[PDB]
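Data block below; observations after.
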Amino acid sequence: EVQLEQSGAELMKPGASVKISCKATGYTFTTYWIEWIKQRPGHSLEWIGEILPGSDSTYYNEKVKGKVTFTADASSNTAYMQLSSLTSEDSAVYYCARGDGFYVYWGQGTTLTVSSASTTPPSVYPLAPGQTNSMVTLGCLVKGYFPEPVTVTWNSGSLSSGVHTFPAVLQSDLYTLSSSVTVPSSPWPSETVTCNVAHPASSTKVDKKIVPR
Amino acid sequence: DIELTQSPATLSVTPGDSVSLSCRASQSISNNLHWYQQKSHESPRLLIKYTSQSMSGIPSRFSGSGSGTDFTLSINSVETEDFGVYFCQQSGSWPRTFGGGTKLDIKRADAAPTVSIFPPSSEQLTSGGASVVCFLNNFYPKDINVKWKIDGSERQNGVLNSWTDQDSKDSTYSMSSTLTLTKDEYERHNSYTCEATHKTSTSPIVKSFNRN
């Protein structure tokens, strides 16, 4: 019944500041420390520190001192981690976790992207083929967007098997991503196959039907 | 700071194999050592607490042991769903620290990649852009090398590669390779080739098309 909810993905410029929230539900907020953990791409976990909600007691373990400040609002059962003087070294996924010696309850993670790159909507292109191989593989190219993330679905989520949505790749301040969907040859072009791309950062929702060339 | 060193850094195991992962602390931490399993894009999941104590909802196959500076996370009969990164973490000293993690993936029969190449869409072309996408799906092992060839010449500039985590269904891997060029450039060539070099074959899998 315990669950920590963190704030969403954040994009901020270097030198700027960001505040990440962590709301705890399911226990007496002020009786447990809230832990903050940093994790970079395919790297290990780094304990940033902790704060005891309702006591303002804290322990800081961040690399560059003074850039991290923890606060908590016992009134809203929410703890916060504010990162200031942001640099690229701060881009990472930050987790919140209840302090139980071990960490059993974790937040879902909040991804921070430190960059001066401007938010840009994605361009979505249908990837139509030429049973081609028992099944036929279709795809959607999602390029020129910023920042992460983008969520891709096929036929509004009705198609998940045979779907491969690849991690985006950054290039010149613009992310490019693609997703492939392998369906039986009888299903397409017989039945419609559509990829749905959403990029909240730019209030962008695109539906690109995969039509035969 | 107490440093936790995990071993091995990575390992491939076949379902049914018993596994023992190592985590060593630079100094004593008593029994204040915990284990986690983390799947890509998910927070770590607590497997074992205080060296050997169980966590509800965790398959019995997982167990932990140790005392002092040597700790072990054992998996009796590892299963396909067990792939991921395993971390140990100590709470016997401040600051709290985590091991470097052990990347565990499932060993499975070799599988050649299913390669699909896609020319630039009419839409992208209309925008003045040109991207050639190549999918190398469901292959194994993970190690693979893709190379683009335009009219016979290997192109490295403008190529973007991305790999997926190990598949939770068939333990395979997949990769996407995007060769981007200006429309003009694309229009200056005919043969676009995607070559996949995988151990499942002496000769690499090659898929191409002619702008026609």
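Identifiers in this document derive from the order of the structure tokens: chains are assigned A, B, ..., residues are numbered from 1 separately in each chain, and ligands are numbered from 1 in order of occurrence.
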Exercise. Excluding same-chain residues fewer than 2 positions from residue 17 in chain A, what lies within 8 Å of it counting only C-alpha atoms, as a list in words?
Worked result: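 Near residue 17 in chain A, the qualifying residues are residues 12, 15, 19, 82, 83, 84, 85 and 86 of chain A.
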For this session: Name all residues at most 12 Å from residue 32 in chain B (count only C-alpha atoms; drop same-chain ones fewer than 2 positions away) and give them as a PyMOL selection string.
Result: (chain A and resi 100-103) or (chain B and resi 2+4+25+27-30+34-35+48-53+65-71+88-94+96-98)
Output C-alpha atoms for every residue in that selection, as a tab-separated table (two decimals), in the first residue's frame.
chain	number	residue	atom	x	y	z
A	100	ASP	CA	14.35	1.38	5.50
A	101	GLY	CA	18.08	0.65	5.68
A	102	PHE	CA	17.44	-1.28	2.50
A	103	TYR	CA	15.25	0.54	-0.04
B	2	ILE	CA	32.67	1.97	2.03
B	4	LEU	CA	31.21	-2.29	-2.69
B	25	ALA	CA	32.87	-4.28	0.87
B	27	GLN	CA	35.55	-2.73	5.10
B	28	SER	CA	33.10	-4.44	7.43
B	29	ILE	CA	29.44	-3.51	7.10
B	30	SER	CA	28.31	-6.44	9.23
B	34	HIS	CA	21.04	-5.50	0.51
B	35	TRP	CA	20.43	-6.80	-3.00
B	48	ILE	CA	17.27	-9.65	-0.36
B	49	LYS	CA	17.56	-7.61	2.82
B	50	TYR	CA	20.33	-7.59	5.42
B	51	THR	CA	22.51	-10.17	3.66
B	52	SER	CA	20.14	-13.13	3.80
B	53	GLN	CA	16.61	-12.01	4.69
B	65	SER	CA	24.52	-15.01	2.25
B	66	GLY	CA	27.67	-13.44	3.61
B	67	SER	CA	29.24	-12.04	6.76
B	68	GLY	CA	31.59	-9.11	7.02
B	69	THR	CA	32.94	-7.96	3.69
B	70	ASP	CA	32.07	-10.94	1.47
B	71	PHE	CA	28.49	-11.27	0.32
B	88	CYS	CA	24.23	-4.71	-3.67
B	89	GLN	CA	23.97	-1.76	-1.35
B	90	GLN	CA	25.16	-1.21	2.20
B	91	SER	CA	23.52	0.59	5.10
B	92	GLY	CA	26.13	-0.06	7.76
B	93	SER	CA	27.96	3.19	7.05
B	94	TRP	CA	27.46	6.75	5.82
B	96	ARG	CA	25.17	4.82	1.75
B	97	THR	CA	26.82	3.24	-1.29
B	98	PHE	CA	25.94	0.75	-4.04
Problem set entry | Check: which chain A residues lie within 9 Å of chain B using only C-alpha atoms, as a VMD selection string | chain A and resid 42 to 49 59 to 61 95 101 to 109 123 to 130 133 137 to 139 141 164 to 171 176 to 180 213
Problem set entry | Exercise: residue 193 in chain B partners within 6 Å, only C-alpha atoms, chain neighbours under 5 positions left out, as a VMD selection string | chain B and resid 148 to 149 207 to 208
Those same residues, written as an mmCIF file, in the first residue's frame with N, CA, C and O atoms?
data_model
loop_
_atom_site.group_PDB
_atom_site.id
_atom_site.type_symbol
_atom_site.label_atom_id
_atom_site.label_comp_id
_atom_site.auth_asym_id
_atom_site.auth_seq_id
_atom_site.Cartn_x
_atom_site.Cartn_y
_atom_site.Cartn_z
ATOM 1 N N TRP B 148 26.854 0.507 -43.327
ATOM 2 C CA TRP B 148 26.106 0.989 -44.471
ATOM 3 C C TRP B 148 27.012 1.140 -45.673
ATOM 4 O O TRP B 148 28.179 1.509 -45.540
ATOM 5 N N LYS B 149 26.460 0.851 -46.846
ATOM 6 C CA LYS B 149 27.198 0.969 -48.089
ATOM 7 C C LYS B 149 26.341 1.698 -49.118
ATOM 8 O O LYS B 149 25.242 1.249 -49.462
ATOM 9 N N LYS B 207 20.970 -6.428 -46.557
ATOM 10 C CA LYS B 207 19.710 -6.012 -47.150
ATOM 11 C C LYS B 207 19.928 -4.636 -47.752
ATOM 12 O O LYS B 207 20.500 -3.747 -47.124
ATOM 13 N N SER B 208 19.488 -4.466 -48.988
ATOM 14 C CA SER B 208 19.661 -3.192 -49.653
ATOM 15 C C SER B 208 18.523 -2.973 -50.614
ATOM 16 O O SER B 208 17.640 -3.819 -50.755
#
Problem set entry | Contact residues around residue 196 in chain A with only C-alpha atoms at 7 Å, ignoring same-chain residues under 5 positions, as an MDAnalysis selection string | chainID A and resid 152:154 156 206:208
For this session: Would you list the contacts of residue 89 in chain A as a PyMOL selection string, taking every protein, DNA or RNA residue within 12 Å and counting only C-alpha atoms, but skipping same-chain residues closer than 4 positions in sequence?
Result: chain A and resi 14-15+38-41+62-64+67+83-85+93+112-115
Can you write just those residues out, N, CA, C and O atoms, as a PDB file, in the first residue's frame?
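The resulting file, again_2.pdb, is shown below:
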ATOM      1  N   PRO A  14      21.771  24.597 -18.501  1.00  0.00           N
ATOM      2  CA  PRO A  14      22.868  24.526 -17.534  1.00  0.00           C
ATOM      3  C   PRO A  14      22.909  25.851 -16.762  1.00  0.00           C
ATOM      4  O   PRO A  14      22.603  26.914 -17.311  1.00  0.00           O
ATOM      5  N   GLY A  15      23.258  25.777 -15.483  1.00  0.00           N
ATOM      6  CA  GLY A  15      23.297  26.973 -14.660  1.00  0.00           C
ATOM      7  C   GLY A  15      21.961  27.195 -13.980  1.00  0.00           C
ATOM      8  O   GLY A  15      21.869  27.906 -12.984  1.00  0.00           O
ATOM      9  N   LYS A  38      20.790   8.901  -7.467  1.00  0.00           N
ATOM     10  CA  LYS A  38      21.071   9.312  -8.836  1.00  0.00           C
ATOM     11  C   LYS A  38      21.587   8.140  -9.658  1.00  0.00           C
ATOM     12  O   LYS A  38      22.404   7.354  -9.176  1.00  0.00           O
ATOM     13  N   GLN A  39      21.102   8.018 -10.892  1.00  0.00           N
ATOM     14  CA  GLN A  39      21.565   6.961 -11.779  1.00  0.00           C
ATOM     15  C   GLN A  39      21.695   7.486 -13.200  1.00  0.00           C
ATOM     16  O   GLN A  39      20.746   8.020 -13.751  1.00  0.00           O
ATOM     17  N   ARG A  40      22.883   7.342 -13.780  1.00  0.00           N
ATOM     18  CA  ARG A  40      23.136   7.788 -15.151  1.00  0.00           C
ATOM     19  C   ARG A  40      22.988   6.620 -16.114  1.00  0.00           C
ATOM     20  O   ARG A  40      22.945   5.465 -15.688  1.00  0.00           O
ATOM     21  N   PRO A  41      22.923   6.907 -17.433  1.00  0.00           N
ATOM     22  CA  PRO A  41      22.779   5.880 -18.476  1.00  0.00           C
ATOM     23  C   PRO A  41      23.657   4.653 -18.294  1.00  0.00           C
ATOM     24  O   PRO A  41      24.882   4.746 -18.312  1.00  0.00           O
ATOM     25  N   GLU A  62      26.184  14.535  -2.481  1.00  0.00           N
ATOM     26  CA  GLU A  62      26.352  14.849  -3.894  1.00  0.00           C
ATOM     27  C   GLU A  62      27.798  15.231  -4.189  1.00  0.00           C
ATOM     28  O   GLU A  62      28.523  15.689  -3.300  1.00  0.00           O
ATOM     29  N   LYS A  63      28.209  15.031  -5.439  1.00  0.00           N
ATOM     30  CA  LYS A  63      29.574  15.321  -5.864  1.00  0.00           C
ATOM     31  C   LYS A  63      30.012  16.750  -5.571  1.00  0.00           C
ATOM     32  O   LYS A  63      30.917  16.972  -4.773  1.00  0.00           O
ATOM     33  N   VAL A  64      29.390  17.720  -6.232  1.00  0.00           N
ATOM     34  CA  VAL A  64      29.748  19.107  -6.008  1.00  0.00           C
ATOM     35  C   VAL A  64      28.853  19.632  -4.892  1.00  0.00           C
ATOM     36  O   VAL A  64      27.623  19.647  -4.992  1.00  0.00           O
ATOM     37  N   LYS A  67      25.069  22.098  -4.291  1.00  0.00           N
ATOM     38  CA  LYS A  67      24.132  22.095  -5.395  1.00  0.00           C
ATOM     39  C   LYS A  67      22.836  21.373  -5.067  1.00  0.00           C
ATOM     40  O   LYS A  67      21.841  21.543  -5.771  1.00  0.00           O
ATOM     41  N   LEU A  83      18.076  20.833  -7.346  1.00  0.00           N
ATOM     42  CA  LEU A  83      19.436  20.855  -7.880  1.00  0.00           C
ATOM     43  C   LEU A  83      19.682  22.203  -8.532  1.00  0.00           C
ATOM     44  O   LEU A  83      18.945  22.603  -9.432  1.00  0.00           O
ATOM     45  N   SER A  84      20.718  22.901  -8.084  1.00  0.00           N
ATOM     46  CA  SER A  84      21.030  24.209  -8.641  1.00  0.00           C
ATOM     47  C   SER A  84      22.388  24.187  -9.339  1.00  0.00           C
ATOM     48  O   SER A  84      23.144  23.226  -9.211  1.00  0.00           O
ATOM     49  N   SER A  85      22.695  25.251 -10.077  1.00  0.00           N
ATOM     50  CA  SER A  85      23.962  25.331 -10.798  1.00  0.00           C
ATOM     51  C   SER A  85      24.100  24.098 -11.683  1.00  0.00           C
ATOM     52  O   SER A  85      25.165  23.489 -11.782  1.00  0.00           O
ATOM     53  N   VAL A  93      18.733  10.016 -14.160  1.00  0.00           N
ATOM     54  CA  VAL A  93      17.452   9.633 -13.604  1.00  0.00           C
ATOM     55  C   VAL A  93      17.636   9.748 -12.094  1.00  0.00           C
ATOM     56  O   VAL A  93      18.622   9.255 -11.540  1.00  0.00           O
ATOM     57  N   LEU A 112      16.151  13.907 -15.581  1.00  0.00           N
ATOM     58  CA  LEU A 112      16.555  15.289 -15.750  1.00  0.00           C
ATOM     59  C   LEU A 112      17.514  15.415 -16.917  1.00  0.00           C
ATOM     60  O   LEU A 112      18.533  14.720 -16.982  1.00  0.00           O
ATOM     61  N   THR A 113      17.175  16.304 -17.838  1.00  0.00           N
ATOM     62  CA  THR A 113      18.003  16.568 -18.998  1.00  0.00           C
ATOM     63  C   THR A 113      18.487  18.007 -18.877  1.00  0.00           C
ATOM     64  O   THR A 113      17.686  18.940 -18.928  1.00  0.00           O
ATOM     65  N   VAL A 114      19.787  18.187 -18.681  1.00  0.00           N
ATOM     66  CA  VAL A 114      20.354  19.527 -18.589  1.00  0.00           C
ATOM     67  C   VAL A 114      20.867  19.845 -19.982  1.00  0.00           C
ATOM     68  O   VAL A 114      21.753  19.162 -20.486  1.00  0.00           O
ATOM     69  N   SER A 115      20.298  20.872 -20.604  1.00  0.00           N
ATOM     70  CA  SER A 115      20.687  21.255 -21.955  1.00  0.00           C
ATOM     71  C   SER A 115      20.089  22.588 -22.365  1.00  0.00           C
ATOM     72  O   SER A 115      19.022  22.964 -21.894  1.00  0.00           O
TER      73      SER A 115
END
Problem set entry | Counting only C-alpha atoms, the option among A:135, A:11, A:74, A:181 closest to residue 25 in chain A |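 Residue with the minimum atom-to-atom distance to residue 25 in chain A: A:74.
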What are the DSSP strand (DSSP E) residues of range 64-181 of chain B, as a PDB file with C-alpha atoms, in the first residue's frame?
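Once written, part.pdb looks like this:
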ATOM      1  CA  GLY B  64      21.637 -14.182  -0.052  1.00  0.00           C
ATOM      2  CA  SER B  65      24.519 -15.007   2.248  1.00  0.00           C
ATOM      3  CA  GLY B  66      27.672 -13.442   3.612  1.00  0.00           C
ATOM      4  CA  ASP B  70      32.069 -10.944   1.472  1.00  0.00           C
ATOM      5  CA  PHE B  71      28.487 -11.272   0.321  1.00  0.00           C
ATOM      6  CA  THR B  72      26.738 -13.447  -2.182  1.00  0.00           C
ATOM      7  CA  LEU B  73      23.437 -13.348  -4.005  1.00  0.00           C
ATOM      8  CA  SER B  74      22.594 -16.825  -5.227  1.00  0.00           C
ATOM      9  CA  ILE B  75      20.035 -17.817  -7.782  1.00  0.00           C
ATOM     10  CA  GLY B  84      18.813  -7.489 -15.546  1.00  0.00           C
ATOM     11  CA  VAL B  85      21.301  -5.658 -13.401  1.00  0.00           C
ATOM     12  CA  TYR B  86      21.910  -6.809  -9.860  1.00  0.00           C
ATOM     13  CA  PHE B  87      23.165  -4.347  -7.260  1.00  0.00           C
ATOM     14  CA  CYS B  88      24.226  -4.713  -3.671  1.00  0.00           C
ATOM     15  CA  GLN B  89      23.970  -1.757  -1.351  1.00  0.00           C
ATOM     16  CA  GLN B  90      25.165  -1.213   2.200  1.00  0.00           C
ATOM     17  CA  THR B  97      26.817   3.238  -1.289  1.00  0.00           C
ATOM     18  CA  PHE B  98      25.937   0.751  -4.035  1.00  0.00           C
ATOM     19  CA  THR B 102      26.372  -7.177 -12.254  1.00  0.00           C
ATOM     20  CA  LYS B 103      24.692  -7.262 -15.660  1.00  0.00           C
ATOM     21  CA  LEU B 104      23.043 -10.640 -16.051  1.00  0.00           C
ATOM     22  CA  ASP B 105      21.601 -11.728 -19.346  1.00  0.00           C
ATOM     23  CA  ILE B 106      20.082 -14.994 -20.526  1.00  0.00           C
ATOM     24  CA  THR B 114      15.879 -10.543 -39.167  1.00  0.00           C
ATOM     25  CA  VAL B 115      16.978  -7.574 -41.246  1.00  0.00           C
ATOM     26  CA  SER B 116      14.626  -5.054 -42.804  1.00  0.00           C
ATOM     27  CA  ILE B 117      15.722  -1.948 -44.694  1.00  0.00           C
ATOM     28  CA  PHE B 118      13.470   1.038 -45.341  1.00  0.00           C
ATOM     29  CA  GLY B 129      15.208  15.133 -45.439  1.00  0.00           C
ATOM     30  CA  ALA B 130      16.435  11.644 -46.228  1.00  0.00           C
ATOM     31  CA  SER B 131      16.740   8.786 -43.763  1.00  0.00           C
ATOM     32  CA  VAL B 132      17.367   5.128 -44.523  1.00  0.00           C
ATOM     33  CA  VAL B 133      16.292   2.894 -41.662  1.00  0.00           C
ATOM     34  CA  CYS B 134      17.503  -0.617 -41.041  1.00  0.00           C
ATOM     35  CA  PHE B 135      16.143  -2.978 -38.409  1.00  0.00           C
ATOM     36  CA  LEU B 136      18.159  -5.957 -37.201  1.00  0.00           C
ATOM     37  CA  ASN B 137      15.639  -7.761 -35.027  1.00  0.00           C
ATOM     38  CA  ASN B 138      15.565 -10.677 -32.647  1.00  0.00           C
ATOM     39  CA  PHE B 139      19.158 -11.828 -32.876  1.00  0.00           C
ATOM     40  CA  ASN B 145      28.067  -4.868 -36.286  1.00  0.00           C
ATOM     41  CA  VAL B 146      26.108  -2.994 -38.910  1.00  0.00           C
ATOM     42  CA  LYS B 147      27.697  -1.160 -41.796  1.00  0.00           C
ATOM     43  CA  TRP B 148      26.106   0.989 -44.471  1.00  0.00           C
ATOM     44  CA  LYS B 149      27.198   0.969 -48.089  1.00  0.00           C
ATOM     45  CA  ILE B 150      26.142   3.624 -50.595  1.00  0.00           C
ATOM     46  CA  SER B 153      31.188   2.796 -50.302  1.00  0.00           C
ATOM     47  CA  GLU B 154      31.002   2.353 -46.545  1.00  0.00           C
ATOM     48  CA  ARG B 155      29.278   5.364 -44.995  1.00  0.00           C
ATOM     49  CA  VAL B 159      24.679   6.783 -39.123  1.00  0.00           C
ATOM     50  CA  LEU B 160      22.749   6.419 -35.868  1.00  0.00           C
ATOM     51  CA  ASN B 161      22.671   3.078 -34.046  1.00  0.00           C
ATOM     52  CA  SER B 162      20.423   1.927 -31.209  1.00  0.00           C
ATOM     53  CA  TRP B 163      20.106  -1.427 -29.428  1.00  0.00           C
ATOM     54  CA  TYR B 173      18.267  -8.588 -28.915  1.00  0.00           C
ATOM     55  CA  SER B 174      17.369  -6.092 -31.607  1.00  0.00           C
ATOM     56  CA  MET B 175      18.968  -3.112 -33.216  1.00  0.00           C
ATOM     57  CA  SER B 176      18.015  -0.171 -35.354  1.00  0.00           C
ATOM     58  CA  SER B 177      20.452   1.639 -37.606  1.00  0.00           C
ATOM     59  CA  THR B 178      19.513   4.928 -39.244  1.00  0.00           C
ATOM     60  CA  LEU B 179      21.632   6.369 -42.037  1.00  0.00           C
ATOM     61  CA  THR B 180      20.764  10.031 -42.506  1.00  0.00           C
ATOM     62  CA  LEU B 181      21.783  12.204 -45.431  1.00  0.00           C
TER      63      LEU B 181
END
Within 12 Å of range 56-60 of chain B, which residues of range 70-150 of chain B show up? Give each one with its shortest atom-to-atom distance in Å (one decimal) and the two atoms involved, counting only C-alpha atoms, rows by chain then rising residue number, as JSON lines.
{"residue": "B:74", "atom": "CA", "partner": "B:60", "partner_atom": "CA", "distance": 10.5}
{"residue": "B:75", "atom": "CA", "partner": "B:60", "partner_atom": "CA", "distance": 8.8}
{"residue": "B:76", "atom": "CA", "partner": "B:60", "partner_atom": "CA", "distance": 8.4}
{"residue": "B:77", "atom": "CA", "partner": "B:60", "partner_atom": "CA", "distance": 10.3}
{"residue": "B:78", "atom": "CA", "partner": "B:59", "partner_atom": "CA", "distance": 10.5}
{"residue": "B:79", "atom": "CA", "partner": "B:59", "partner_atom": "CA", "distance": 10.5}
{"residue": "B:81", "atom": "CA", "partner": "B:59", "partner_atom": "CA", "distance": 11.0}
{"residue": "B:82", "atom": "CA", "partner": "B:59", "partner_atom": "CA", "distance": 10.2}
Problem set entry | Residue set, chain A restricted to helix (DSSP H, G or I), as an MDAnalysis selection string | chainID A and resid 29:31 88:90 155:157 200:202
Save out the residues we just selected, N, CA and C atoms, as a short mmCIF file (atom, residue, chain, number, x, y, z; two decimals), in the first residue's frame.
data_model
loop_
_atom_site.label_atom_id
_atom_site.label_comp_id
_atom_site.auth_asym_id
_atom_site.auth_seq_id
_atom_site.Cartn_x
_atom_site.Cartn_y
_atom_site.Cartn_z
N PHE A 29 4.40 9.77 6.96
CA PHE A 29 5.44 10.51 6.26
C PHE A 29 6.62 10.96 7.10
N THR A 30 6.33 11.60 8.23
CA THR A 30 7.37 12.14 9.09
C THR A 30 8.12 11.15 9.98
N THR A 31 7.90 9.86 9.80
CA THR A 31 8.59 8.88 10.62
C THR A 31 9.65 8.09 9.88
N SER A 88 25.85 19.40 -17.32
CA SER A 88 25.54 18.14 -17.99
C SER A 88 25.73 16.95 -17.05
N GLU A 89 26.62 17.08 -16.07
CA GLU A 89 26.86 16.02 -15.09
C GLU A 89 25.61 15.73 -14.25
N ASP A 90 24.64 16.63 -14.29
CA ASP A 90 23.43 16.42 -13.52
C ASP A 90 22.33 15.70 -14.32
N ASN A 155 -1.48 1.02 -33.39
CA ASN A 155 -2.92 0.78 -33.34
C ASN A 155 -3.43 1.03 -31.93
N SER A 156 -3.06 2.20 -31.42
CA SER A 156 -3.46 2.65 -30.10
C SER A 156 -3.20 1.63 -29.00
N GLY A 157 -2.09 0.91 -29.12
CA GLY A 157 -1.73 -0.08 -28.12
C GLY A 157 -2.26 -1.48 -28.39
N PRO A 200 4.91 14.74 -25.12
CA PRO A 200 4.31 15.73 -24.23
C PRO A 200 5.04 17.07 -24.17
N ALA A 201 6.37 17.04 -24.14
CA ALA A 201 7.14 18.27 -24.07
C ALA A 201 6.70 19.29 -25.11
N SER A 202 6.20 18.82 -26.25
CA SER A 202 5.78 19.75 -27.30
C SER A 202 4.30 19.62 -27.64
#
